[PDB]
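Reading through the structure tokens given below for one structure.
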Amino acid sequence: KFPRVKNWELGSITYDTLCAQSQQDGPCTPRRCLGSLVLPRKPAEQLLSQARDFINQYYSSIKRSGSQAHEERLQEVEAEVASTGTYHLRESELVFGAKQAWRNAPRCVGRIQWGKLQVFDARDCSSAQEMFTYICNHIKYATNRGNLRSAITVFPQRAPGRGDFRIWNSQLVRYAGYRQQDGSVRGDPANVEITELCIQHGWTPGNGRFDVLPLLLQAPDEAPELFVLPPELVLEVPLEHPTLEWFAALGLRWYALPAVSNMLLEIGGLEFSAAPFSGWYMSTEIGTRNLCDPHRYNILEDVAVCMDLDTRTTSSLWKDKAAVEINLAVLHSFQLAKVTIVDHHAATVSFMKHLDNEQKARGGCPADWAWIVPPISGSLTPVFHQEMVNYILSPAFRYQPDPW
Amino acid sequence: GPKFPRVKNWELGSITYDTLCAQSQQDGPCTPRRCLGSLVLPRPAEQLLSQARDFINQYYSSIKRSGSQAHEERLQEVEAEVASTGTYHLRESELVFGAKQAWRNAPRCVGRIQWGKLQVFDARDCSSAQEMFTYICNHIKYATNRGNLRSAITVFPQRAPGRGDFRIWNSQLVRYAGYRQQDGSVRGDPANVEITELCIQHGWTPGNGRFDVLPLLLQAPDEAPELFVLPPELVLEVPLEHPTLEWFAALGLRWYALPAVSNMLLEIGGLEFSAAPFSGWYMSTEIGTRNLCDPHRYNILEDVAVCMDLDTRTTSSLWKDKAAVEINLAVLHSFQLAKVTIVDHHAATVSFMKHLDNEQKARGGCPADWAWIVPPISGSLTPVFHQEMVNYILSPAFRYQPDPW
Ligand code: HEM
Ligand code: HEM
Ligand SMILES: Cc1cc(N)nc(COC[C@@H]2C[C@@H](OCc3cc(C)cc(N)n3)CN2)c1
Ligand SMILES: Cc1cc(N)nc(COC[C@@H]2C[C@@H](OCc3cc(C)cc(N)n3)CN2)c1
Ligand SMILES: C[C@H](O)[C@H](O)[C@H]1CNc2nc(N)[nH]c(=O)c2N1
Ligand SMILES: C[C@H](O)[C@H](O)[C@H]1CNc2nc(N)[nH]c(=O)c2N1
Ligand SMILES: [Zn+2]
């Protein structure tokens with residue numbers, strides 16, 4: 001019933017009682033574990049239950065649980081669903097759901113910050129045009145000249161009649177990927193499809209490796225519309241190396257703001273199909289995955305040749321050496337440009353602190369080991385040695401289909 | 001789609017479905033409500049017979065004589081034997097087959113491309129702790145082969161009704177002492193603190209180095225275990241040096257050549273081999289990253305970063321990453337120089353991808369534990385980081401088993 005959970009470095013044991021609050025099945029069965037899969041294979045009575053449970057969550061969180069205001073709020077929601085099929089959240093309830101969805105996210109190592117989230121209410125949005133204004137204000141706020149501040153902006157919820165509000169881009173800042181005659185890619189290979197969708201809805205493309213993409217924003221049942229982000233709003237960091245001089249000449253750079261924009265926010269049964277959120281980068285996201293993945297910018301080889309390493313054989317560990325400097329370069333450059341970054345040691349240490357905090361607060365913390373453990377130097381970080389239970393709690397961020 | 005797990009590689013964009021998982025006869029620890037895949041250890045006449053029949057079925061499949069007269073006579077032979085004894089016995093070639101299949105089935109092993117090349121020593125005639133020792137010594141000699149390492153397993157008698165087990169108390173054939181100090185620290189390998197203390201309690205005269213090879217504690221049925229010292233010439237060790245950091249040799253770090261797991265249970269067709277030590281060759285990250293750099297193992301990262309002159313006061317210098325890479329290069333360099341088989345985490349994972357593809361064609365999938373397959377340094381620099389994996393238990397298997405004491 002309740003899983004024993006051991007840290008292998010310290011020999012300490014806890015018991016997860018929180019997982020008993022899960023009400024959504026993940027992918028695993030007793031016959032086989034599917035925990036390393038990235039995606040899943042994927043009614044008034046049931047909306048009422050999710051809503052009840054979430055309002056309960058809310059009033060508990062403000063300690064007014066059971067009181068008059070709590071009863072009256074449960075009545076409003078019920079009366080509203082029975083009549084209309086749906087309901088709406090109060091701004092304060094929303095703010096709480098957003099924080100909580102972040103707190104519940106098993107794949108996020110940055111959760112120590114969960115209580116500090118600026119929530120922009122954009123539920124009074126009726127056009128791609130308005131979406132764009134809200135998106136620009138979010139970016140300005142979040143960026144704050146390099147002093148990054150966590151933020152979410154919440155667009156109008158999904159409804160029975162109509163199409164969704166959608167940001168088509170997976171992130172608010174993305175570099176173009178250009179498919180070439182010879183089938184190779186200029187720019188970021190991850191963004192091939194979105195680059196092409198932009199061109200098709202009328203974008204004049206560049207030809208660089210680091211061209212910031214426009215936004216395709218979709219108001220309900222309408223064609224998506226194209227919006228260019230003003231260049232001065234997209235803070236970028238040119239990459240250099242503390243001791244390696246040539247490195248700067250590789251012309252590498254990355255943007256400051258990691259802002260997820262294709263994920264669905266679910267609160268109390270209500271669904272928010274456009275609810276972009278941002279914090280700040282952990283350097284291994286840029287240094288290791290975005291620049292070193294073979295199906296990304298794939299720069300290892302370039303770098304190692306520049307370092308004059310023996311590229312001929314795996315056992316010289318040239319890949320491990322190059323990766324280490326590229327990560328160092330990212331940290332150096334962000335520090336130099338006074339933009340917020342966290343290294344993977346600092347981040348995982350504070351994740352451990354968060355795990356402890358959550359054990360005392362809620363009796364557990366849903367966590368996805370494969371995603372929490374950094375993509376270089378796993379066992380050198382404390383999370384490697386930590387056993388973790390993965391389950392789904394609501395409020396949640398979920399994946400959702402692409403709108404095309 | 002088919003109703004079998006869809007499995008994706010996010011580097012190459014390629015897709016497969018694991019149908020082999022259908023053959024699983026045993027529940028792991030996960031449920032629809034929570035995944036427990038990161039946990040290291042999560043918590044009879046008719047049962048035996050049906051496990052047996054299934055294994056015999058596998059054997060006869062594997063020789064392409066499935067449904068034959070020799071198949072139905074073997075089945076009949078097996079049930080007769082249980083009917084009159086409560087147990088049964090494997091033919092020689094059956095044990096060979098099932099030992100290989102147990103390796104083949106091991107979700108945590110990245111070295112499985114090698115699974116068809118296992119020397120199987122049959123030691124089911126063994127009858128004393130002294131004889132266990134001779135067998136083990138022969139195993140080590142053969143497996144070691146002056147540094148040209150060869151995979152091997154030695155199989156001692158299976159569990160019997162009421163009669164006591166054969167047990168190797170040590171967790172590996174080669175293990176370094178861990179001495180608990182008066183200041184509360186540990187000299188040597190802290191992983192081996194309990195076994196060192198049991199060795200002394202059973203009459204071993206301990207040393208006081210960081211790298212004292214432990215003696216073997218060997219248990220024959222219903223007997224207290226007996227102590228045997230390995231002759232130093234049988235235990236091949238590699239002194240560690242670095243190709244360019246001249247001072248690294250001065251640290252006096254060393255590791256042994258032969259990784260030989262001695263405390264796991266080999267289960268075949270319901271039969272349980274409580275002593276069945278097996279060995280291969282190391283992947284370099286086991287030594288240089290885990291055994292040397294784990295904070296609860298040798299913990300040498302700081303010391304090495306100091307020697308390298310790194311800024312150890314700030315996480316953001318990546319001093320931990322830089323030192324681990326060098327310790328890892330030193331392991332590879334030194335094994336190479338000493339002509340002792342070893343494989344780096346790149347070569348190994350590449351070959352595990354080849355193995356996945358072979359197994360896809362051969363069996364329709366491959367049970368694999370992603371957290372153990374991905375190496376503990378440079379994870380996403382290896383092709384297996386990007387490969388989804390399905391984890392499940394197939395038999396024959398190696399399982400963990402309660403410590404004999
Ligand atoms: C405050 C600084 C933060 C840091 C350092 C951080 C760190 C990370 C990292 C490293 C990942 C894995 C990313 C990847 O591999 O692509 C991640 C995932 C995630 N984070 Fe954060 N995070 C932060 C803030 C936030 C915020 C503000 C939210 C939402 C309000 C959030 C929600 C999520 C979610 C839902 C995922 C899973 C994404 C997915 O499934 O693709 N994080 N976080
Ligand atoms: C041929 C060279 C081999 C290599 C490079 C290799 C590689 C590995 C590695 C790196 C591990 C993880 C070790 C750890 O983190 O504790 C492992 C685990 C394992 N291997 Fe191998 N292996 C090899 C041969 C073998 C052989 C010959 C067998 C048995 C016949 C075997 C069976 C196992 C089992 C059962 C595990 C899991 C052990 C556990 O859960 O503690 N491997 N293998
Ligand atoms: C808030 C935040 C902070 C921070 N430091 N980093 C992030 C990174 O965002 C995570 C994104 C979400 C994931 O993308 C969604 C996705 C899923 C799948 C299956 C495919 C695909 N192309 N894209 C992969 N990385 C987000
Ligand atoms: C055969 C082989 C080759 C190779 N390159 N590497 C290996 C590594 O062996 C795996 C080790 C031994 C295992 O010990 C398991 C164990 C230990 C203890 C103290 C108790 C227990 N129940 N089970 C875990 N990791 C084995
Ligand atoms: C296939 C595997 O699950 C996939 O590569 C995962 C592994 N761990 C990850 N971890 C993080 N943080 N982000 C990722 O994109 C991935 N990818
Ligand atoms: C908690 C976690 O499961 C544990 O640290 C695992 C992670 N992956 C591993 N992988 C291997 N190969 N060996 C190990 O000992 C571990 N330890
Ligand atoms: Zn699972």
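One residue is enough: does segment A:149-163 have a residue meeting the conditions hydroxyl-bearing (S, T, Y) and part of a helix (DSSP H, G or I)? No, segment A:149-163 contains no residue that is hydroxyl-bearing (S, T, Y) and part of a helix (DSSP H, G or I).
Going through (1) more than 30 Å from B:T16 (Cα to Cα); (2) within 14 Å of chain B (Cβ to nearest Cβ); (3) small (G, A, S) one by one, A:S65 falls short only on (2). Among the residues of segment A:278-321, those that are part of a helix (DSSP H, G or I), of a type in the set (A, V, I, L, M, F, W, C) and crowded, with 18+ Cβ neighbours inside 10 Å comprise A:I286, A:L291, A:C292, A:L300, A:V303, A:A304, A:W318.
Condition check ((1) farther than 27 Å from B:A143 by Cβ; (2) part of a loop (DSSP other than H, G, I, E, B)) across all residues:
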| site | (1), (2) |
| --- | --- |
| B:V331 | no, no |
| B:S334 | no, no |
| B:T341 | no, yes |
| B:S351 | no, no |
| B:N358 | no, no |
| B:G365 | yes, yes |
| B:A371 | yes, no |
| B:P375 | no, yes |
| B:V384 | no, no |
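Per the conditions (1) buried (at least 17 other Cβ atoms within 10 Å of the Cβ); (2) within 16 Å of ligand 1 (Cβ to nearest atom), the sole criterion not satisfied by A:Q24 is (1). Residues in segment A:383-398 that are touching a strand residue (DSSP E or B) at 6+ places or on another chain (Cβ under 8 Å) and more than 26 Å from A:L265 (Cβ to Cβ) were compared, and the one that is nearest to ligand 3 (Cβ to nearest atom) is A:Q386. If you check B:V384, B:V350, B:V390, B:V343 for being in contact with a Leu (Cβ under 8 Å, 6 or more places away or on another chain), more than 16 Å from ligand 1 (Cβ to nearest atom) and within 17 Å of B:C109 (Cβ to Cβ), only one passes: B:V390.
Report whether or not A:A361 is facing chain B (nearest Cβ under 10 Å) and surrounded by fewer than 24 Cβ atoms within 10 Å (Cβ to Cβ). It is false that A:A361 is facing chain B (nearest Cβ under 10 Å) and surrounded by fewer than 24 Cβ atoms within 10 Å (Cβ to Cβ).
Could you list all residues from segment B:1-47 that are of a type in the set (V, I, T) and either at the interface with another protein chain (Cβ under 10 Å from one of its Cβ atoms) or out of contact with any strand residue (DSSP E or B) (no Cβ under 7 Å at 6 or more places or on another chain) (or both)? B:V7, B:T19, B:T31, B:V40 - these are the residues of segment B:1-47 that are of a type in the set (V, I, T) and either at the interface with another protein chain (Cβ under 10 Å from one of its Cβ atoms) or out of contact with any strand residue (DSSP E or B) (no Cβ under 7 Å at 6 or more places or on another chain) (or both).
Please verify whether segment B:329-336 includes one or more residues that are under 23 Å from the mean Cα position of the chain (by Cα), within 13 Å of ligand 6 (Cβ to nearest atom) and not hydrophobic (A, V, I, L, M, F, W, C). Scanning segment B:329-336 turns up no residue that is under 23 Å from the mean Cα position of the chain (by Cα), within 13 Å of ligand 6 (Cβ to nearest atom) and not hydrophobic (A, V, I, L, M, F, W, C). Which one is surrounded by the most Cβ atoms within 10 Å (Cβ to Cβ), of the residues in segment B:370-395 that are at the interface with another protein chain (Cβ under 8 Å from one of its Cβ atoms) and touching a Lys or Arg at 6+ places or on another chain (Cβ under 8 Å)? So, considering only residues that are at the interface with another protein chain (Cβ under 8 Å from one of its Cβ atoms) and touching a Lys or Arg at 6+ places or on another chain (Cβ under 8 Å), the one surrounded by the most Cβ atoms within 10 Å (Cβ to Cβ) is B:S378. Confirm whether B:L227 is in contact with a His (Cβ under 7 Å, 6 or more places away or on another chain), surrounded by fewer than 19 Cβ atoms within 10 Å (Cβ to Cβ) and outside the structural domain of B:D294 (by CATH). Yes, satisfied. Count of segment A:337-353 residues, restricted to those that are assigned by CATH to the domain that holds A:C365 and over 20 Å from the mean Cα position of the chain (by Cα), is 1. Any residue at all in segment B:139-160 that is touching a strand residue (DSSP E or B) at 6+ places or on another chain (Cβ under 8 Å), in the same structural domain as B:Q201 (by CATH) and within 24 Å of B:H202 (Cα to Cα)? Within segment B:139-160, one or more residues are touching a strand residue (DSSP E or B) at 6+ places or on another chain (Cβ under 8 Å), in the same structural domain as B:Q201 (by CATH) and within 24 Å of B:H202 (Cα to Cα). Looking at segment B:70-90, can you tell me whether even one residue there is over 17 Å from B:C366 (Cβ atoms), facing chain A (nearest Cβ under 8 Å), part of a loop (DSSP other than H, G, I, E, B) and of a type outside the set (V, I, T)? No, because not a single residue in segment B:70-90 is over 17 Å from B:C366 (Cβ atoms), facing chain A (nearest Cβ under 8 Å), part of a loop (DSSP other than H, G, I, E, B) and of a type outside the set (V, I, T).
All conditions in (1) in contact with a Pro (Cβ under 8 Å, 6 or more places away or on another chain); (2) away from chain B (no Cβ under 14 Å); (3) crowded, with 17+ Cβ neighbours inside 10 Å hold for A:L235, with the sole exception of (1). Considering segment A:1-32, and only residues there that are among the acidic types (D, E) and more than 16 Å from ligand 4 (Cβ to nearest atom), the residue that is farthest from B:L41 (Cα to Cα) turns out to be A:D25. Restricting attention to segment B:243-277, report how many residues are more than 24 Å from B:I393 (Cβ to Cβ), surrounded by 21 or more Cβ atoms within 10 Å (Cβ to Cβ) and over 19 Å from the mean Cα position of the chain (by Cα). So the count comes out to 2. Checked against (1) more than 12 Å from chain A (Cβ to nearest Cβ); (2) farther than 30 Å from B:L95 by Cβ, B:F335 passes all but a single condition, namely (1).
Virtual Cβ from ideal backbone geometry, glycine too; neighbours counted across all protein chains shown. All of this is worked out from the model, or read from it or from the source named; these are not laboratory values.
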